[PDB]
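Asks: Contents of structure_37.tsv (TSV, C-alpha atoms and all ligand atoms):
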chain	number	residue	atom	x	y	z
A	1	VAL	CA	-28.18	-34.79	30.20
A	2	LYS	CA	-25.88	-37.85	29.73
A	3	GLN	CA	-27.52	-39.67	32.70
A	4	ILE	CA	-31.05	-38.60	31.51
A	5	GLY	CA	-30.14	-40.18	28.13
A	6	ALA	CA	-29.17	-43.50	29.78
A	7	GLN	CA	-32.47	-43.58	31.81
A	8	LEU	CA	-35.16	-42.04	29.53
A	9	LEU	CA	-34.28	-43.32	26.02
A	10	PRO	CA	-33.79	-47.16	26.41
A	11	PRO	CA	-37.39	-47.86	27.67
A	12	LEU	CA	-38.89	-45.01	25.50
A	13	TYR	CA	-37.25	-46.17	22.24
A	14	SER	CA	-38.21	-49.82	23.12
A	15	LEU	CA	-41.95	-48.87	23.38
A	16	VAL	CA	-41.75	-46.80	20.12
A	17	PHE	CA	-40.19	-49.83	18.33
A	18	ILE	CA	-42.88	-52.27	19.67
A	19	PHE	CA	-45.86	-49.93	18.87
A	20	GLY	CA	-44.22	-48.72	15.64
A	21	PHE	CA	-43.20	-52.09	14.12
A	22	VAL	CA	-46.61	-53.77	14.79
A	23	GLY	CA	-48.56	-50.69	13.60
A	24	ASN	CA	-46.57	-49.86	10.44
A	25	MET	CA	-46.47	-53.58	9.44
A	26	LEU	CA	-50.30	-53.71	9.79
A	27	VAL	CA	-50.52	-50.70	7.37
A	28	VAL	CA	-48.33	-52.60	4.83
A	29	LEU	CA	-50.52	-55.76	5.21
A	30	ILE	CA	-53.80	-53.74	4.89
A	31	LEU	CA	-52.51	-51.94	1.72
A	32	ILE	CA	-51.26	-55.19	0.09
A	33	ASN	CA	-54.18	-57.49	1.18
A	34	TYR	CA	-57.33	-55.36	1.72
A	35	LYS	CA	-56.71	-52.39	-0.70
A	36	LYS	CA	-54.56	-54.49	-3.16
A	37	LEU	CA	-52.54	-51.31	-4.21
A	38	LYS	CA	-55.14	-50.54	-6.94
A	39	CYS	CA	-55.13	-46.69	-6.55
A	40	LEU	CA	-52.14	-44.31	-6.94
A	41	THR	CA	-52.44	-42.96	-3.36
A	42	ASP	CA	-52.02	-46.58	-2.03
A	43	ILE	CA	-48.48	-46.89	-3.54
A	44	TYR	CA	-47.33	-43.64	-1.80
A	45	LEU	CA	-49.04	-44.79	1.48
A	46	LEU	CA	-47.10	-48.11	1.15
A	47	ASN	CA	-43.79	-46.24	0.58
A	48	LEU	CA	-44.58	-43.98	3.59
A	49	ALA	CA	-45.05	-47.10	5.81
A	50	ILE	CA	-41.73	-48.51	4.40
A	51	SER	CA	-40.09	-45.09	5.16
A	52	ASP	CA	-41.24	-45.44	8.81
A	53	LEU	CA	-40.16	-49.15	9.00
A	54	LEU	CA	-36.60	-48.40	7.69
A	55	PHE	CA	-36.40	-45.59	10.31
A	56	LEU	CA	-37.79	-47.47	13.36
A	57	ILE	CA	-35.64	-50.65	12.73
A	58	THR	CA	-32.60	-48.47	13.79
A	59	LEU	CA	-34.10	-47.75	17.30
A	60	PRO	CA	-32.81	-50.99	18.99
A	61	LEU	CA	-29.17	-49.90	18.29
A	62	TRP	CA	-29.82	-46.26	19.42
A	63	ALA	CA	-31.77	-47.50	22.51
A	64	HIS	CA	-28.85	-49.81	23.43
A	65	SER	CA	-26.13	-47.17	22.75
A	66	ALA	CA	-28.03	-44.51	24.86
A	67	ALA	CA	-26.92	-46.30	28.12
A	68	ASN	CA	-23.47	-47.69	27.05
A	69	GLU	CA	-20.53	-47.46	24.53
A	70	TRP	CA	-20.90	-48.12	20.77
A	71	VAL	CA	-19.87	-51.78	20.13
A	72	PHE	CA	-21.32	-52.50	16.63
A	73	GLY	CA	-18.30	-51.13	14.68
A	74	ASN	CA	-17.69	-48.45	12.04
A	75	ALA	CA	-19.49	-50.50	9.30
A	76	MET	CA	-22.78	-50.70	11.31
A	77	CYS	CA	-22.43	-47.01	12.37
A	78	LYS	CA	-22.41	-45.94	8.68
A	79	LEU	CA	-25.20	-48.43	7.70
A	80	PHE	CA	-27.61	-47.44	10.52
A	81	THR	CA	-27.06	-43.68	9.81
A	82	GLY	CA	-28.13	-44.37	6.19
A	83	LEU	CA	-31.33	-46.19	7.28
A	84	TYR	CA	-32.13	-43.20	9.60
A	85	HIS	CA	-31.77	-40.52	6.86
A	86	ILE	CA	-33.28	-42.66	4.01
A	87	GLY	CA	-36.23	-43.36	6.36
A	88	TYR	CA	-36.49	-39.67	7.43
A	89	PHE	CA	-36.00	-37.94	4.04
A	90	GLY	CA	-37.97	-40.71	2.29
A	91	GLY	CA	-40.98	-40.30	4.60
A	92	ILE	CA	-41.31	-36.50	4.24
A	93	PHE	CA	-41.09	-36.78	0.40
A	94	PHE	CA	-43.95	-39.35	0.24
A	95	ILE	CA	-46.12	-37.02	2.44
A	96	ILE	CA	-45.43	-34.22	-0.16
A	97	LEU	CA	-46.40	-36.61	-3.03
A	98	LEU	CA	-49.66	-37.54	-1.22
A	99	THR	CA	-50.45	-33.77	-0.81
A	100	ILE	CA	-49.62	-33.10	-4.52
A	101	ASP	CA	-51.70	-36.22	-5.51
A	102	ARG	CA	-54.76	-34.82	-3.64
A	103	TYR	CA	-54.24	-31.21	-4.89
A	104	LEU	CA	-54.12	-32.27	-8.58
A	105	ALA	CA	-57.07	-34.73	-8.16
A	106	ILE	CA	-59.37	-32.29	-6.25
A	107	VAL	CA	-58.32	-28.78	-7.42
A	108	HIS	CA	-57.33	-29.62	-11.06
A	109	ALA	CA	-59.47	-32.82	-11.51
A	110	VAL	CA	-56.51	-34.92	-12.83
A	111	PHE	CA	-56.56	-38.75	-12.64
A	112	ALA	CA	-54.15	-41.65	-13.32
A	113	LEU	CA	-55.31	-44.05	-16.10
A	114	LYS	CA	-56.05	-47.61	-14.77
A	115	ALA	CA	-53.35	-49.15	-17.05
A	116	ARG	CA	-50.77	-46.44	-16.07
A	117	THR	CA	-51.59	-46.37	-12.26
A	118	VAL	CA	-49.04	-49.03	-11.20
A	119	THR	CA	-46.49	-47.87	-13.87
A	120	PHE	CA	-46.55	-44.18	-12.79
A	121	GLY	CA	-46.54	-44.96	-9.04
A	122	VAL	CA	-43.55	-47.36	-9.38
A	123	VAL	CA	-41.36	-44.99	-11.50
A	124	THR	CA	-42.02	-41.87	-9.33
A	125	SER	CA	-41.46	-43.88	-6.09
A	126	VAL	CA	-38.04	-45.17	-7.34
A	127	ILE	CA	-37.09	-41.54	-8.27
A	128	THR	CA	-38.18	-40.41	-4.72
A	129	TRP	CA	-36.05	-43.18	-3.09
A	130	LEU	CA	-33.04	-42.15	-5.28
A	131	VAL	CA	-33.46	-38.47	-4.21
A	132	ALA	CA	-33.80	-39.68	-0.55
A	133	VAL	CA	-30.57	-41.76	-0.98
A	134	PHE	CA	-28.56	-38.77	-2.43
A	135	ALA	CA	-29.79	-36.62	0.54
A	136	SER	CA	-28.39	-39.27	2.97
A	137	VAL	CA	-25.01	-39.69	1.07
A	138	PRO	CA	-23.28	-36.75	2.92
A	139	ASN	CA	-24.40	-38.12	6.32
A	140	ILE	CA	-23.09	-41.66	5.53
A	141	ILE	CA	-19.65	-40.25	4.45
A	142	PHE	CA	-18.94	-38.03	7.52
A	143	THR	CA	-20.67	-40.11	10.30
A	144	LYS	CA	-17.96	-42.46	11.73
A	145	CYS	CA	-17.18	-44.52	14.90
A	146	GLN	CA	-14.49	-42.68	16.93
A	147	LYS	CA	-13.50	-42.41	20.62
A	148	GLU	CA	-14.27	-39.25	22.68
A	149	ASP	CA	-13.34	-39.04	26.42
A	150	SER	CA	-12.47	-42.81	26.50
A	151	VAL	CA	-16.01	-43.74	25.20
A	152	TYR	CA	-16.74	-45.13	21.68
A	153	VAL	CA	-19.42	-43.01	19.93
A	154	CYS	CA	-21.13	-43.19	16.50
A	155	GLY	CA	-21.57	-39.48	15.67
A	156	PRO	CA	-21.22	-36.81	12.96
A	157	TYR	CA	-17.76	-35.44	12.01
A	158	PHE	CA	-18.57	-32.85	9.30
A	159	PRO	CA	-16.15	-29.99	8.38
A	160	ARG	CA	-17.53	-26.39	8.72
A	161	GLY	CA	-18.40	-26.44	4.98
A	162	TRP	CA	-20.51	-29.63	4.84
A	163	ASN	CA	-22.01	-29.06	8.35
A	164	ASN	CA	-23.47	-25.63	7.35
A	165	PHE	CA	-24.67	-27.13	4.01
A	166	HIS	CA	-26.20	-30.15	5.86
A	167	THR	CA	-28.22	-27.87	8.20
A	168	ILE	CA	-29.60	-25.53	5.48
A	169	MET	CA	-30.48	-28.48	3.18
A	170	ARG	CA	-32.28	-30.39	6.00
A	171	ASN	CA	-34.38	-27.21	6.62
A	172	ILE	CA	-35.06	-26.60	2.88
A	173	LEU	CA	-36.06	-30.28	2.27
A	174	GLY	CA	-37.77	-30.96	5.67
A	175	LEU	CA	-39.19	-27.52	6.71
A	176	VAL	CA	-39.38	-24.97	3.81
A	177	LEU	CA	-40.45	-27.36	0.99
A	178	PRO	CA	-43.24	-29.25	2.88
A	179	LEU	CA	-44.58	-26.00	4.51
A	180	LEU	CA	-44.47	-24.08	1.18
A	181	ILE	CA	-46.35	-27.04	-0.44
A	182	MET	CA	-48.83	-27.22	2.54
A	183	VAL	CA	-49.93	-23.55	2.29
A	184	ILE	CA	-50.41	-23.65	-1.55
A	185	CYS	CA	-52.07	-27.13	-1.76
A	186	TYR	CA	-54.46	-27.28	1.23
A	187	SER	CA	-55.70	-23.68	0.70
A	188	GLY	CA	-56.47	-24.52	-2.95
A	189	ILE	CA	-58.22	-27.75	-1.79
A	190	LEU	CA	-60.22	-25.76	0.87
A	191	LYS	CA	-61.25	-23.21	-1.82
A	192	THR	CA	-62.66	-25.92	-4.18
A	193	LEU	CA	-64.31	-27.97	-1.33
A	194	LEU	CA	-66.16	-24.84	0.02
A	195	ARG	CA	-67.69	-24.12	-3.47
A	196	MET	CA	-68.90	-27.74	-4.01
A	197	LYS	CA	-69.90	-28.30	-0.27
A	198	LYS	CA	-73.56	-29.32	0.26
A	199	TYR	CA	-75.72	-27.98	3.16
A	200	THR	CA	-78.68	-29.84	4.78
A	201	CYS	CA	-81.63	-28.22	6.62
A	202	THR	CA	-82.15	-29.43	10.22
A	203	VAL	CA	-86.00	-28.97	9.98
A	204	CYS	CA	-87.24	-30.37	6.59
A	205	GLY	CA	-84.01	-32.11	5.44
A	206	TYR	CA	-83.63	-30.06	2.20
A	207	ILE	CA	-80.10	-30.76	0.81
A	208	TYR	CA	-78.81	-27.66	-1.06
A	209	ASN	CA	-76.91	-28.80	-4.22
A	210	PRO	CA	-74.48	-26.04	-5.51
A	211	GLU	CA	-74.27	-27.58	-9.05
A	212	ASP	CA	-78.09	-27.19	-9.39
A	213	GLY	CA	-78.57	-24.25	-7.00
A	214	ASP	CA	-82.02	-22.70	-6.40
A	215	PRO	CA	-83.14	-20.69	-9.51
A	216	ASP	CA	-86.69	-20.34	-8.02
A	217	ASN	CA	-85.72	-17.67	-5.41
A	218	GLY	CA	-82.98	-15.88	-7.44
A	219	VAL	CA	-79.93	-18.12	-6.80
A	220	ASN	CA	-78.18	-18.91	-10.14
A	221	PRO	CA	-76.51	-22.40	-10.37
A	222	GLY	CA	-72.94	-22.95	-9.14
A	223	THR	CA	-73.24	-20.38	-6.30
A	224	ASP	CA	-71.62	-21.03	-2.88
A	225	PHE	CA	-73.78	-21.27	0.30
A	226	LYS	CA	-71.64	-18.58	2.04
A	227	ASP	CA	-72.24	-16.21	-0.97
A	228	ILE	CA	-76.11	-16.55	-0.68
A	229	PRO	CA	-77.73	-13.45	1.04
A	230	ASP	CA	-78.91	-13.35	4.70
A	231	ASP	CA	-82.59	-12.62	3.80
A	232	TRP	CA	-82.76	-15.91	1.74
A	233	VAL	CA	-84.98	-18.75	3.10
A	234	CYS	CA	-85.40	-22.54	2.57
A	235	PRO	CA	-87.61	-23.43	-0.49
A	236	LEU	CA	-89.49	-26.24	1.36
A	237	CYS	CA	-90.34	-24.78	4.83
A	238	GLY	CA	-89.02	-21.17	4.63
A	239	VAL	CA	-86.67	-21.37	7.68
A	240	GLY	CA	-83.71	-19.02	8.26
A	241	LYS	CA	-80.13	-19.39	6.98
A	242	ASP	CA	-78.74	-20.00	10.54
A	243	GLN	CA	-80.54	-23.41	10.85
A	244	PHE	CA	-78.60	-24.93	7.86
A	245	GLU	CA	-75.78	-27.39	8.76
A	246	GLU	CA	-72.83	-28.78	6.75
A	247	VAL	CA	-72.84	-32.19	4.96
A	248	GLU	CA	-69.84	-34.56	4.73
A	249	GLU	CA	-68.63	-35.48	1.19
A	250	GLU	CA	-69.94	-38.78	-0.28
A	251	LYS	CA	-66.59	-39.29	-2.14
A	252	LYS	CA	-63.90	-41.06	-0.03
A	253	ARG	CA	-61.13	-39.22	-2.00
A	254	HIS	CA	-62.57	-35.89	-0.72
A	255	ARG	CA	-62.92	-37.25	2.88
A	256	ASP	CA	-59.30	-38.62	2.59
A	257	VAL	CA	-57.92	-35.00	2.69
A	258	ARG	CA	-58.27	-34.99	6.53
A	259	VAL	CA	-56.09	-38.15	6.81
A	260	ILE	CA	-53.16	-36.77	4.74
A	261	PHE	CA	-53.62	-33.23	6.22
A	262	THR	CA	-53.28	-34.65	9.78
A	263	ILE	CA	-50.17	-36.71	8.73
A	264	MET	CA	-48.60	-33.42	7.49
A	265	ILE	CA	-49.60	-31.35	10.57
A	266	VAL	CA	-48.34	-34.09	12.98
A	267	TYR	CA	-45.00	-34.28	11.04
A	268	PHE	CA	-44.43	-30.54	11.73
A	269	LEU	CA	-45.38	-30.70	15.43
A	270	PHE	CA	-42.74	-33.49	15.95
A	271	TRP	CA	-39.88	-32.47	13.51
A	272	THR	CA	-40.01	-28.57	13.39
A	273	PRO	CA	-38.48	-28.05	16.91
A	274	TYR	CA	-35.46	-30.23	15.90
A	275	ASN	CA	-35.01	-28.49	12.50
A	276	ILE	CA	-35.16	-25.01	14.13
A	277	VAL	CA	-32.66	-25.72	16.99
A	278	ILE	CA	-30.02	-27.22	14.58
A	279	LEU	CA	-30.34	-24.01	12.48
A	280	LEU	CA	-29.93	-21.84	15.63
A	281	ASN	CA	-27.06	-24.08	16.91
A	282	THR	CA	-25.13	-24.14	13.58
A	283	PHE	CA	-25.69	-20.50	12.54
A	284	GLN	CA	-25.05	-18.71	15.85
A	285	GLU	CA	-26.15	-15.23	14.64
A	286	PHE	CA	-26.83	-13.68	18.10
A	287	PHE	CA	-26.06	-16.77	20.30
A	288	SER	CA	-26.00	-20.16	26.27
A	289	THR	CA	-24.23	-22.49	23.73
A	290	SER	CA	-24.80	-25.42	26.18
A	291	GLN	CA	-28.61	-24.78	26.11
A	292	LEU	CA	-28.71	-25.20	22.28
A	293	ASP	CA	-26.51	-28.35	22.55
A	294	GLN	CA	-28.87	-29.99	25.12
A	295	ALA	CA	-31.97	-28.75	23.19
A	296	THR	CA	-30.68	-30.53	20.00
A	297	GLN	CA	-30.60	-33.85	21.93
A	298	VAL	CA	-34.08	-33.39	23.54
A	299	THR	CA	-35.79	-32.36	20.22
A	300	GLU	CA	-34.14	-35.32	18.37
A	301	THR	CA	-35.96	-37.75	20.75
A	302	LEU	CA	-39.33	-36.08	19.89
A	303	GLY	CA	-38.64	-36.54	16.16
A	304	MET	CA	-37.57	-40.18	16.67
A	305	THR	CA	-40.96	-41.02	18.36
A	306	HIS	CA	-42.81	-39.69	15.20
A	307	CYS	CA	-42.34	-43.02	13.29
A	308	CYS	CA	-45.01	-44.79	15.47
A	309	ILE	CA	-47.67	-41.96	15.16
A	310	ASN	CA	-48.54	-42.60	11.42
A	311	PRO	CA	-50.57	-45.85	12.03
A	312	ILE	CA	-52.39	-44.18	15.00
A	313	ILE	CA	-53.57	-41.35	12.62
A	314	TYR	CA	-55.03	-43.89	10.10
A	315	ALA	CA	-56.80	-45.74	12.99
A	316	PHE	CA	-58.54	-42.72	14.62
A	317	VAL	CA	-58.80	-40.08	11.82
A	318	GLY	CA	-59.08	-42.61	8.94
A	319	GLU	CA	-62.30	-44.56	8.23
A	320	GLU	CA	-60.22	-47.41	6.58
A	321	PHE	CA	-59.84	-49.12	10.07
A	322	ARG	CA	-63.54	-48.91	11.16
A	323	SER	CA	-64.60	-50.27	7.72
A	324	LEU	CA	-62.10	-53.19	8.12
A	325	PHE	CA	-63.34	-53.82	11.73
A	326	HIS	CA	-67.02	-54.10	10.54
A	327	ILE	CA	-65.93	-56.50	7.70
A	328	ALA	CA	-63.99	-58.57	10.32
A	329	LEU	CA	-67.30	-59.16	12.26
A	330	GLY	CA	-70.29	-58.75	9.88
B	401	LIG	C1	-25.43	-41.65	14.60
B	401	LIG	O1	-26.20	-40.46	14.50
B	401	LIG	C2	-27.60	-40.66	14.30
B	401	LIG	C3	-27.90	-40.74	12.82
B	401	LIG	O2	-27.46	-39.54	12.17
B	401	LIG	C4	-28.17	-38.39	12.66
B	401	LIG	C5	-27.97	-38.21	14.14
B	401	LIG	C6	-28.33	-39.47	14.91
B	401	LIG	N1	-27.96	-39.25	16.35
B	401	LIG	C7	-28.24	-40.36	17.32
B	401	LIG	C8	-29.71	-40.77	17.35
B	401	LIG	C9	-29.57	-41.68	18.58
B	401	LIG	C10	-28.87	-40.80	19.65
B	401	LIG	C11	-29.90	-39.91	20.39
B	401	LIG	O3	-31.08	-40.10	20.18
B	401	LIG	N2	-29.52	-38.93	21.24
B	401	LIG	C12	-28.18	-38.48	21.67
B	401	LIG	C13	-27.95	-38.81	23.13
B	401	LIG	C14	-29.09	-38.28	23.95
B	401	LIG	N3	-28.85	-38.13	25.27
B	401	LIG	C15	-29.84	-37.64	26.05
B	401	LIG	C16	-31.08	-37.29	25.55
B	401	LIG	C17	-32.15	-36.75	26.44
B	401	LIG	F1	-31.67	-36.13	27.52
B	401	LIG	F2	-32.94	-35.87	25.83
B	401	LIG	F3	-32.95	-37.71	26.91
B	401	LIG	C18	-31.31	-37.45	24.19
B	401	LIG	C19	-30.33	-37.95	23.35
B	401	LIG	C20	-30.57	-38.11	21.87
B	401	LIG	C21	-28.12	-41.68	20.75
B	401	LIG	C22	-29.07	-42.43	21.67
B	401	LIG	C23	-27.10	-42.67	20.16
B	401	LIG	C24	-27.93	-39.96	18.76
B	402	ZN	ZN	-86.29	-26.24	5.40
Have the structure of the file written as structure tokens, please.
Ligand SMILES: CO[C@@H]1COCC[C@@H]1[NH2+][C@@H]1CC[C@@](C(=O)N2CCc3ncc(C(F)(F)F)cc3C2)(C(C)C)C1
Ligand SMILES: [Zn+2]
Replies:
Amino acid sequence: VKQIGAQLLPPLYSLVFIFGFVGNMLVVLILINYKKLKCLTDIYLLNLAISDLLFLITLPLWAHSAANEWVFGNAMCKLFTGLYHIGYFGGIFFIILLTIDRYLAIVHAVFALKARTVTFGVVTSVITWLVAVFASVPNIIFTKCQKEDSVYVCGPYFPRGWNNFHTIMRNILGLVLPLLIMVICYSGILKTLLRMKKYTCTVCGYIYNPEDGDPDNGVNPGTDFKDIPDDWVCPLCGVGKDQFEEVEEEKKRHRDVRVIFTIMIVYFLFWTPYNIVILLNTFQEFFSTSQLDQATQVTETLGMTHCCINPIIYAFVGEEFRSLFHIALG
């Protein structure tokens, strides 16, 4: 495990820092220059890129210290632990705000006034950074630079009280809160999208509008396509219900749900294994102890590579890159 750490992490963390810094800085430049931070969602996307930047700028010191002793001092050990937790806790909170922003705008039809868009986004973002700072305060206090087995190490030294409280709070803030928000928000968004979703016929091209409906053949307005009976047929050509296909939303705010939903799902796939093993390692209910100790180190690496995956999601899943690529040519 110690030799695997000296071999695997230095080149891995170097590649994550190169791909991560260039990618996340491009997101910041595209939000400031192309989008101009006009919408409310753009301010939280900018803070999410800053959350990743603050996190990934600590990788050169972790990459270096994976193969040799800690030589930056106790002051840098405390500072770089703060940037890790502010970047980690900060990031997950801005993903929750982007999910809440979409839930209220799609499910409840709420909108920020043009004059109060920049004012609301700035005040709530400062409050989020303050809550992310207070969540990192315990980790900055107890993480120190001490010597263990004649080797200088920058690691956590929490008493049994604050260590148990650290573990449960990291799970509540990084695993229970985002997952509890995911199930309530995205289901509610899926419910309202399904009712308003339009369906196009593959034969004649007849686009079924739910707001208008089809009063002619006994379909009152505002009815869902899934709620229409099986014996129903197309008004133009009279084809069957099985030939009708789905239509993508014309509104970019409705198509943007897939971008933020992926960001949330990818966060869980990378950070849940770490959050679960620290809970199993701290609260040894039935627990073999060496397996949980090595598993905490392996799952931490996975979580630390997550910083460079956010710009890759906006490139492939998001249409904001393909639109910018067409503008860059003609
Ligand atoms: C100062 O603490 C930091 C801020 O506060 C939270 C904890 C965080 N811990 C740091 C994060 C960098 C760190 C690390 O990433 N490690 C440990 C050693 C290790 N050894 C082998 C493998 C292996 F086998 F899986 F490859 C993985 C790993 C994972 C280390 C390189 C300095 C420990
Ligand atoms: Zn038809």
Asks: Taking only C-alpha atoms and all ligand atoms and a cut-off of 6 Å, can you tell me which residues surround ligand ZN 402 (chain B), written as a PyMOL selection string?
Replies: chain A and resi 201+203-204+206+234+236-239
Asks: Please identify the residues whose atoms come within 6 Å of ligand LIG 401 (chain B), using all atoms listed in the file, and report them as an MDAnalysis selection string.
Replies: chainID A and resid 1:2 4:5 8:9 62:63 65:66 81 84 154:155 297:298 300:301
Asks: Report the closest atom pair, with its distance in Å rounded to one decimal, for each residue of stretch 12-49 of chain A that has an atom no farther than 12 Å from stretch 89-112 of chain A; count all atoms listed in the file, sort by chain and then rising residue number, and write it as JSON lines.
Replies:
{"residue": "A:38", "atom": "CA", "partner": "A:112", "partner_atom": "CA", "distance": 11.0}
{"residue": "A:39", "atom": "CA", "partner": "A:112", "partner_atom": "CA", "distance": 8.5}
{"residue": "A:40", "atom": "CA", "partner": "A:112", "partner_atom": "CA", "distance": 7.2}
{"residue": "A:41", "atom": "CA", "partner": "A:98", "partner_atom": "CA", "distance": 6.5}
{"residue": "A:42", "atom": "CA", "partner": "A:98", "partner_atom": "CA", "distance": 9.4}
{"residue": "A:43", "atom": "CA", "partner": "A:94", "partner_atom": "CA", "distance": 9.6}
{"residue": "A:44", "atom": "CA", "partner": "A:94", "partner_atom": "CA", "distance": 5.8}
{"residue": "A:45", "atom": "CA", "partner": "A:94", "partner_atom": "CA", "distance": 7.6}
{"residue": "A:46", "atom": "CA", "partner": "A:94", "partner_atom": "CA", "distance": 9.4}
{"residue": "A:47", "atom": "CA", "partner": "A:94", "partner_atom": "CA", "distance": 6.9}
{"residue": "A:48", "atom": "CA", "partner": "A:91", "partner_atom": "CA", "distance": 5.2}
{"residue": "A:49", "atom": "CA", "partner": "A:91", "partner_atom": "CA", "distance": 8.0}
Asks: Have a look at A:68, A:149, A:77, A:57 and name the one nearest to residue A:3; count all atoms listed in the file.
Replies: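 Residue with the minimum atom-to-atom distance to residue A:3: A:68.
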Asks: Go through stretch 201-236 of chain A residue by residue and, counting all atoms listed in the file, keep those with an atom at most 10 Å from stretch 240-261 of chain A; for each kept residue give the shortest atom pair and its distance in Å to one decimal, ordered by chain and increasing number, as a Markdown table.
Replies:
| residue | atom | partner | partner_atom | distance |
| --- | --- | --- | --- | --- |
| A:201 | CA | A:244 | CA | 4.6 |
| A:202 | CA | A:244 | CA | 6.2 |
| A:203 | CA | A:243 | CA | 7.8 |
| A:205 | CA | A:244 | CA | 9.3 |
| A:206 | CA | A:244 | CA | 9.1 |
| A:207 | CA | A:247 | CA | 8.5 |
| A:208 | CA | A:244 | CA | 9.3 |
| A:225 | CA | A:241 | CA | 9.4 |
| A:226 | CA | A:241 | CA | 9.9 |
| A:228 | CA | A:241 | CA | 9.1 |
| A:229 | CA | A:241 | CA | 8.7 |
| A:230 | CA | A:241 | CA | 6.6 |
| A:231 | CA | A:241 | CA | 7.9 |
| A:232 | CA | A:241 | CA | 6.8 |
| A:233 | CA | A:240 | CA | 5.3 |
| A:234 | CA | A:240 | CA | 6.9 |
Asks: Taking only C-alpha atoms into account, name the residue in A:196, A:34, A:14, A:73 that is nearest to residue A:328.
Replies: A:34
Asks: For residue A:307, which residue among A:37, A:113, A:25, A:185 is the nearest when counting all atoms listed in the file?
Replies: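 With all atoms listed in the file as the atom set, the closest residue is A:25.
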Asks: Would you please work out which residue, of A:195, A:64, A:36, A:85, is nearest to residue A:166 when using all atoms listed in the file?
Replies: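 Smallest distance to residue A:166 is found for A:85.
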Asks: Between A:87, A:303, A:20, A:121, single out the one closest to residue A:275, counting all atoms listed in the file.
Replies: A:303
Asks: Looking at all atoms listed in the file, which of A:140, A:53, A:16, A:276 is the one that sits closest to residue A:79?
Replies: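 When distances to residue A:79 are compared using all atoms listed in the file, the smallest one comes from A:140.
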Asks: Expressed in Å to a single decimal, how great is the separation between atom CA of residue A:177 and atom CA of residue A:304?
Replies: 20.5 Å
Asks: Can you measure atom CA of residue A:135 to atom CA of residue A:309 for me? One decimal in Å is fine.
Replies: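 If I compute the distance from atom CA of residue A:135 to atom CA of residue A:309, I get 23.7 Å.
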Asks: Using Å and a single decimal, report how far atom CA of residue A:209 sits from atom CA of residue A:235.
Replies: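 Between atom CA of residue A:235 and atom CA of residue A:209 the gap is 12.5 Å.
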Asks: Counting all atoms listed in the file, I want the residues whose atoms come within 10 Å of (-17.7, -46.2, 29.8) in the file frame, returned as a list in words.
Replies: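 Output: residues 67, 68, 69, 70, 149, 150, 151 and 152 of chain A.
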Asks: Find the nearest atom pair between each residue of stretch 137-173 of chain A and stretch 278-283 of chain A for residues within 10 Å, count all atoms listed in the file, give distances in Å to one decimal, sort rows by chain and ascending number, and present the table as CSV.
Replies:
residue,atom,partner,partner_atom,distance
A:160,CA,A:282,CA,9.3
A:163,CA,A:282,CA,7.8
A:164,CA,A:282,CA,6.6
A:166,CA,A:282,CA,9.8
A:167,CA,A:279,CA,6.1
A:168,CA,A:279,CA,7.2
A:170,CA,A:279,CA,9.3
A:171,CA,A:279,CA,7.8
Asks: Can you spit out the residues from that selection as a short mmCIF file (atom, residue, chain, number, x, y, z; two decimals), in the frame of the given file, using C-alpha atoms?
Replies:
data_model
loop_
_atom_site.label_atom_id
_atom_site.label_comp_id
_atom_site.auth_asym_id
_atom_site.auth_seq_id
_atom_site.Cartn_x
_atom_site.Cartn_y
_atom_site.Cartn_z
CA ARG A 160 -17.53 -26.39 8.72
CA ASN A 163 -22.01 -29.06 8.35
CA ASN A 164 -23.47 -25.63 7.35
CA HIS A 166 -26.20 -30.15 5.86
CA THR A 167 -28.22 -27.87 8.20
CA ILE A 168 -29.60 -25.53 5.48
CA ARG A 170 -32.28 -30.39 6.00
CA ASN A 171 -34.38 -27.21 6.62
#
Asks: As a CSV table (one decimal), in the frame of the given file, could you write out stretch 68-73 of chain A once it has been completed with N, CA, C and O atoms?
Replies:
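This went into part-v2.csv:
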chain,number,residue,atom,x,y,z
A,68,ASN,N,-24.8,-47.2,27.1
A,68,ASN,CA,-23.5,-47.7,27.0
A,68,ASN,C,-22.7,-47.4,25.7
A,68,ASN,O,-23.3,-46.8,24.8
A,69,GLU,N,-21.4,-47.7,25.7
A,69,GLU,CA,-20.5,-47.5,24.5
A,69,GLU,C,-21.0,-48.1,23.2
A,69,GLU,O,-21.7,-49.1,23.3
A,70,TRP,N,-20.6,-47.6,22.1
A,70,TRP,CA,-20.9,-48.1,20.8
A,70,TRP,C,-20.0,-49.3,20.5
A,70,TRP,O,-18.8,-49.2,20.6
A,71,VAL,N,-20.6,-50.5,20.3
A,71,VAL,CA,-19.9,-51.8,20.1
A,71,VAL,C,-20.3,-52.5,18.8
A,71,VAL,O,-19.9,-53.7,18.7
A,72,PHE,N,-20.9,-51.9,17.9
A,72,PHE,CA,-21.3,-52.5,16.6
A,72,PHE,C,-20.3,-52.3,15.5
A,72,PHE,O,-20.3,-53.1,14.5
A,73,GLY,N,-19.4,-51.4,15.7
A,73,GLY,CA,-18.3,-51.1,14.7
A,73,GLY,C,-18.6,-50.0,13.8
A,73,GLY,O,-19.7,-49.4,13.8
